[PDB]
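We place every Cβ from the backbone using ideal geometry, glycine too, and count neighbours over all the protein chains shown. A short reminder: the numbers here are calculations on the coordinates, not readings from a lab.
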Amino acid sequence: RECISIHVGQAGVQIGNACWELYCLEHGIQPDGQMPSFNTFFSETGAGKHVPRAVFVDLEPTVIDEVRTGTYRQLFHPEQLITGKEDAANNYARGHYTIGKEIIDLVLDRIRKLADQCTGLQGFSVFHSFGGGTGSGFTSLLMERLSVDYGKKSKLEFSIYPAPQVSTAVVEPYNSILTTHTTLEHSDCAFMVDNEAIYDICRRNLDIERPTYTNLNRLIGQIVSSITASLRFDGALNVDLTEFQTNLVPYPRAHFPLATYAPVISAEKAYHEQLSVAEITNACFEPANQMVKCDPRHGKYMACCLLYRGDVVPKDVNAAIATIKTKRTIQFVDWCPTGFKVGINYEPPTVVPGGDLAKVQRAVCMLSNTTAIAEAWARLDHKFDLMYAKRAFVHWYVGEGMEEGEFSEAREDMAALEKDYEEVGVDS
Amino acid sequence: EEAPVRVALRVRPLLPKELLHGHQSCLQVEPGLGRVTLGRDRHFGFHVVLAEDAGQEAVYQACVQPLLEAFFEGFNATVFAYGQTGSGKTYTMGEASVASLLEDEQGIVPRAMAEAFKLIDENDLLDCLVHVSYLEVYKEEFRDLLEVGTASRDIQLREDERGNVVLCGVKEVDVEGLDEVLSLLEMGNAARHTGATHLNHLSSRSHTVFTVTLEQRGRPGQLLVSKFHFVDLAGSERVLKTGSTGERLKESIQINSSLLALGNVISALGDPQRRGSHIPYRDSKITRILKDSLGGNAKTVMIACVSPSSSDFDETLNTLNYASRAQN
Amino acid sequence: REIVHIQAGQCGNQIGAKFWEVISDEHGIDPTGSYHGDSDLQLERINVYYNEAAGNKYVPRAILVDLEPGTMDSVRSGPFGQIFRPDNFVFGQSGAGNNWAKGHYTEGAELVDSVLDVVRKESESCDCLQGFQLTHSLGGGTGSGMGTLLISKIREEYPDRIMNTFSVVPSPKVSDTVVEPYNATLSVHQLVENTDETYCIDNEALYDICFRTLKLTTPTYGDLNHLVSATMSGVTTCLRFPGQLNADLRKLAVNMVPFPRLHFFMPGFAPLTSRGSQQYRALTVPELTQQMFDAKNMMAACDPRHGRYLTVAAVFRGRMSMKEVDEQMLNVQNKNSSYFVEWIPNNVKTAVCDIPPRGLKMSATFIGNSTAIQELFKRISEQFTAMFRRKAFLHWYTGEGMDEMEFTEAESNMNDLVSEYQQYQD
Ligand SMILES: Nc1nc2c(ncn2[C@@H]2O[C@H](COP(=O)(O)CP(=O)(O)OP(=O)(O)O)[C@@H](O)[C@H]2O)c(=O)[nH]1
Ligand SMILES: Nc1nc2c(ncn2[C@@H]2O[C@H](COP(=O)(O)OP(=O)(O)OP(=O)(O)O)[C@@H](O)[C@H]2O)c(=O)[nH]1
Ligand SMILES: Nc1ncnc2c1ncn2[C@@H]1O[C@H](COP(=O)(O)OP(=O)(O)NP(=O)(O)O)[C@@H](O)[C@H]1O
Ligand SMILES: [Mg+2]
């Protein structure tokens, strides 16, 4: 029962650093690779050392070799930190097609080797972006290949969504759409997150004035840990990723939940309040803590799951659930009688040394499939519209071997997706 | 006084290697009413369409004859061969096939040359002499056929203060007899082949350019002149992104980009709806050498050839859309 | 991962002298070839701008070309000249006399052959060539003509490599010789085709900057070239060091090209302040933005506020968070919405390197492309049409054998460029 870690694109590899720091600190694994003392994330050698079942891949060496020169260089095996020698330069054709097809082989072999090392592969996680070049196309290609070779294995991904306001690439719409096609095609459950929402959260509830990528990435690592280590480490009611596929998929296409976490509290803010399960559960549904620039109140809810870490009694969970059911204007679609799943683990959440979050005795992560996400799509499409209104920059992609027909069909496909969200949102 | 450029569409007849392999003419030609449908409802309107077996002289008397007529209009006429690899364009304009068995092997080029000469056999009054130019472009670089070789920087386009295309560095050969025509075309093909690098398999790699040049000035004085062009672009292998891969992929990517550039150019004619500014001509060589061929008082027609199967059905859609807005 | 430098014409030659001096001080290289630095990060990427020779010495991937020996002798006698190896000082013994036709067409080929040989050799000595950067004049003879010929030839040899260049554009108020517009026109006609992108800098704007903003009364070539070198170092400091985003050139290329043909850019550098005021300021992201946006800090002699910005890229140096810089750029895009084109939402792209320049805790460079620069091309065309009308001293160029047709074609292409900028402007 083991999992695989993949990190593509710069945001992806930063996320990797963060989550792996969090893990080693979760289990006393000193950065040297030693653990003077939970083996679904690490394969163990007879020397007392452990290796994380992970891979880092990007077409530009700088960040990877930086990792190779950081503190945690001895945690990883050199067979894993595979790098190219020329990046995708924010171009889907380059990462997906032109260049990445010259690195895909080695990384594919390493994935297959890690699979053969594993006994029962439960699934794997993916981290990349929709805006950056490398983390956009090459990821689509790799997902395509793995869906051919492995298939029924669980395919989990975390795409860093390009924010409507904060943006780093002119072609963010293009990469986003071209990746949207493939992730519709072969992914299983997508948890796309925006930077702006995290910024608001930390500047308001964590109380930072100057958020650096380190903080957002520590948050995301905390998120994925509460997602999976909650099941890898023992608890009360373990709810497997297969039960995730069962619950959070009302239909083969409505697989795009949003992720949220609570509490996000500073050191001083930790005192001057005693935190019950009721208060945090209430807080989970306010848009001010939602990790996507979107309005849950505006949209309607289809499926919800809550996982808890720390000290939790199921009776209070039932109480809070009843409160949430009766109080809010949460329009549960009649095509769902009750879509609440609850999971409880006993491992309390851990604090990162020098981190920005106070230690809490109990925490919740909330996943929710709701129609409101459709909103975001329109924005991109509209933006995309203007670009395709003049065919600016398209030369760079046909200049790398893409077809404007692909742009058209991809827009039609995304339109089908959002319109299907609208349709299934329609009550009978 | 510009009559919008007339369009013409021909379909190529299939081979058993596709007939017994699921390929069928999903399209629907209708030459009498002059239209073509696709699937069950995609009836498109072309004022001239052709069958799948209309003879070279048939398509000639269909479209070329008005062009041979207006060749003396003192304003330039043109025609381009557009479409995909293996789409009969070489056979459409009917060149590079020298066997002289039935004159349906060779088409537009030798037929037009012979008919021009026969129109000279009867009228020799004024001072009017005609020469020809026959080059190729590949990898966005020039390489003449009539010339064996010359560095790119020499052979160049030129624009006069009068605003007209000029070609410098190319080898010039004036024509006086049809034997000379056939021999020079043979050697020009034999010094270029389907492409600069001949090809993987004998069909449409590069862009072949040719031009007939005869002055009949506005009547020693007012120089109002009509010229003509034989331009055959390369193939448009779009769906074969999964096909030609590697070195051949890079070989084809540049011609693909140039084709899409030309499409972007031609698109901005019947679409002045939002801020109808001027046309971006000078982006690429082909667009430059064809800028004169559009608008003003220059005459032009077009030809396209598609495949019956629904394999490149999407490419048929693309070609049809491009040729639709071809108004003016 | 290696970039080769090229300097033609006395201007660009001493400019690159200053520039290499800047980079050497950056990576902590002595004027002798020995390394004296504090952090390994100075060494980690030394390949981008140097090859290694035994004895722990480092050679700049440098090639120097000219038509007069004394300029090369001068730059060799300056500091860090010994860092160059003499195998690269290629030059003739006869000036081009500010004649594009002489430099590009007739006399140049001789040095062209040898320098192209050296380019081949040096390139293949490296592992993976990234691109090339040039520094030369557009009004003078050598740096214009031979620059154009050499760049054409290299682009022929490497069809897909990165071709970027910095070239000084004349101004009506600093014009030196009458042949200025002709060289300008021909250089432009060649750059617009044989190059991926370009930077335009003018001695006029530089004079303004050093005079007013630096409160300097005796501006030498040194400080102007110093600022140009600071810009050139900034545009790649991202690549030369670990960072957060967008360290690559081709990245910036696809970011800054809304259409293939429109690849001209004005640069800007910050912070720039006379030492008297440096005891007051507070270097923050808002301050840097207010400096860079202001037309008073544009290296090109064109007020952008008359046109509208198409694309903008901003690279930052130093320890800064993302949220600050992104919200700052958002506010900037908001308050001045008129000067931007609706064609592209988020007309601004960012890049952050983690290393500050020596002496300032943080810094910023900016590159822009807006149709406004088109006005400067009028400065050519009119002047051009002002002289070409009379064929004034056309005889000099006719002698080398160039035809009126070439000037005609160049002029027409320049007209087309202006027209397309006005198209996209609205
Ligand atoms: N900003 C600066 N501009 C300079 C400097 N030196 C020269 N220049 C400008 O460049 C022009 C002269 O440069 P060049 O001699 O390299 C022109 P070129 O070499 O092509 O002519 P020939 O040497 O006759 O072949 C002149 O008009 C100046 O305005 C400088 O130190 N800084
Ligand atoms: N959450 C998070 N997002 C990031 C981080 N760094 C960059 N991003 C996002 O990713 C985009 C830029 O991509 P990068 O990851 O910086 O660069 P890349 O695409 O990985 O590689 P290059 O394009 O070659 O630089 C921006 O739009 C950011 O929103 C980070 O540390 N954390
Ligand atoms: N309408 C047609 N009439 C006769 N032969 C045809 C026709 N269409 C296709 N063919 C045959 O199919 C082959 C493909 O056509 P080809 O002459 O290669 O044109 P192409 O594919 O456009 N390449 P090229 O014209 O050389 O650039 C030729 O060898 C022809 O013999
Ligand atoms: Mg000089």
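A few points about this structure:
- Beta bridges assigned by DSSP with both partners in segment C:2-256 are antiparallel in approximately 20 percent of cases.
- Ranked for footprinting exposure by Cβ neighbours inside 10 Å, fewest first, A:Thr40, A:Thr242 give A:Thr242, A:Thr40.
- Listed residue pairs exceeding 25 Å between alpha carbons, taken from A:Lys101/B:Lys89; A:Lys293/C:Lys335; B:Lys139/B:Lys291; A:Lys293/B:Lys241; B:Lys171/B:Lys285; A:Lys113/B:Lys250: A:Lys101/B:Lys89; A:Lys293/B:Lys241; A:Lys113/B:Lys250
- Efficiency of FRET between C:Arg120 and B:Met187 - r from beta-carbon atoms, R0 41 angstrom, step 0.05: 0.75
- Virtual spin-label span in nm between C:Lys335 and B:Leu15, 7 Å along Cα→Cβ: 6.8
- Here the dipole of chain B is about 1480 debye; that uses its Cα centre as origin and unit charges on the Cβ of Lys and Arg (positive) and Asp and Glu (negative).
- Anisotropy class assigned to segment B:111-236 is oblate, per the alpha carbon gyration tensor with a/c at or over the 1.5 cut-off and a/b no larger than b/c.
- Taking amide H positions as modeled 1.01 Å from N, with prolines and chain starts lacking one, the residues under 5 Å from A:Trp335 and 5 or more places away or on another chain are A:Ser428.
- With the helix formula -39500 (n - 2.57) applied to DSSP H stretches of n ≥ 4, chain A reaches a computed 222 nm mean residue ellipticity of -12500 deg cm²/dmol.
- For chain A, share of DSSP beta bridges that run antiparallel, in % to the nearest 5: 40
- In loop segments of segment A:258-345 as defined by DSSP, the GluC sites (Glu not before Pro) with at most 12 further C-beta atoms inside 10 Å of their C-beta are A:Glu273.
- Legend: calculated FRET efficiency, B:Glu122 to A:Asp413, from the Cβ-Cβ distance at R0 = 51 Å, rounded to 0.05, equals 0.25.
- Remark: the Cα gyration tensor places segment C:2-256 in the rounded category, a/c being less than 1.5.
- Candidate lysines - alpha carbon under 21 Å from C:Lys361, same-chain residues fewer than 8 apart omitted: C:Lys323
- Here A:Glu286 and A:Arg391 are evaluated by their C-beta separation; at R0 = 45 Å the FRET efficiency comes out at 0.60.
- Cβ-to-Cβ counts within 10 Å put A:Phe393, B:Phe44 in ascending order as B:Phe44, A:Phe393, the fewest first.
- Loop chymotrypsin sites (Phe, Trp or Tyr not before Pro), segment A:237-280 (other Cβ atoms within 10 Å of the site Cβ: 12 or fewer; DSSP): A:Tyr271
- Anchor A:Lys359: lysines whose Cα lies under 18 Å away (excluding residues fewer than 8 positions away in-chain): A:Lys269
- 5 angstrom amide H check on B:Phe230, placed H, neighbours 5+ away: B:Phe210, B:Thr211, B:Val212
- Under 25 Å from the Cα of C:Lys102 - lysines, other chains or at least 8 residues apart: C:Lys153, C:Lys391
- Whole-Hz Karplus values for segment C:332-341 come out as 4, 4, 5, 4, 10, 4, 5, 7, 10, 9 Hz, taken residue by residue from phi with 6.51 cos²θ - 1.76 cosθ + 1.60 and θ = phi - 60°; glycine and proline positions read x.
- Max mean-square fluctuation residue, GNM over chain C, Cα-Cα springs under 10 Å, options C:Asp294, C:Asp38, C:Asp202: C:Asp38
- Tensor-based shape of segment B:9-325 (alpha-carbon gyration tensor, a/c under 1.5 rounded, otherwise prolate or oblate): rounded
- Integer Hz, Karplus 6.51/-1.76/1.60 couplings in order for segment A:360-368, x for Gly and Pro: 10, 7, 6, 9, 10, 10, 10, 10, 8
- 3J(HN,Hα) couplings calculated from phi for segment B:258-275 with the Karplus curve 6.51 cos²θ - 1.76 cosθ + 1.60 (θ = phi - 60°) are, in sequence order, 5, 4, 5, 4, 4, x, 4, 4, 5, 4, 7, 8, x, 10, x, 4, 10, 6 Hz; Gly and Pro show x.
- Residue among A:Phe158, A:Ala363, A:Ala18 farthest towards the positive dipole end of chain A, charges placed on Cβ: A:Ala363
- Annotation note: GluC sites (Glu not before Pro) in segment C:283-344 located in DSSP loop regions with a Cβ neighbour count of at most 16 within 10 Å are C:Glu342.
- Inter-part distance where segment A:364-378 and segment B:199-219 are each reduced to a Cα centre, Å: 59
- Net charge contributed by nearby residues that have their C-beta within less than 10 Å of C:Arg308 (K/R +1, D/E -1): -1
- Proximal charge balance of A:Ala88 [Cβ under 11 Å; K/R count +1, D/E count -1]: -3
- Label-point separation, B:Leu157 to B:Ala114 (7 Å along Cα→Cβ), nm: 3.5
- Ordered by the count of other Cβ atoms within 10 Å of each Cβ, fewest first, B:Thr92, A:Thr179 give B:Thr92, A:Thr179.
- Over the protein assembly as shown, the ratio between the Cα radius of gyration and 2.2 N^0.38 Å evaluates to 1.03.
- Placing dummy labels 7 Å off each Cα toward the beta-carbon, the span from C:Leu216 to B:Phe44 is 6.3 nm.
- Kirkwood hydrodynamic radius over Cα pairs of segment C:129-237, then Stokes diffusion coefficient at 25 °C and 0.890 mPa s, in µm²/s: 164
- Size of charge dipole - segment C:1-116 - debye, nearest 20, with Cβ of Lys, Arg +1 and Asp, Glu -1, no other charges: 140
- Charge context of C:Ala101, other residues only, Cβ under 11 angstrom, K/R +1, D/E -1: -3
- CD proxy at 222 nm, helix term only [per DSSP H run n ≥ 4: -39500 (n - 2.57); per residue of chain B; nearest 500]: -7000 deg cm²/dmol
- Charged side chains reduced to their Cβ positions (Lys and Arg at +1, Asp and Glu at -1) give segment B:1-131 a dipole of some 860 debye around its Cα centre.
- For chain C, fraction of C-alpha pairs farther apart than 29 Å, in %: 45
- Relative contact order (percent, whole number), chain C, Cα cutoff 8 Å, 6+ residue spacing: 16
- Exceedance of the 20 Å cut-off in Cα-Cα distance is limited, within the set B:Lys118/B:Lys227; C:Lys57/C:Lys251; A:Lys300/A:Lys325, to C:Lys57/C:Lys251.
- Over segment A:194-342, Cα pairs under 8 Å with separation of 6+ residues give a relative contact order of 29 percent.
- Look at the alpha carbon pairs under 8 Å that are at least 6 residues apart: their mean separation over the length of segment C:62-153 gives a relative contact order of 34 percent.
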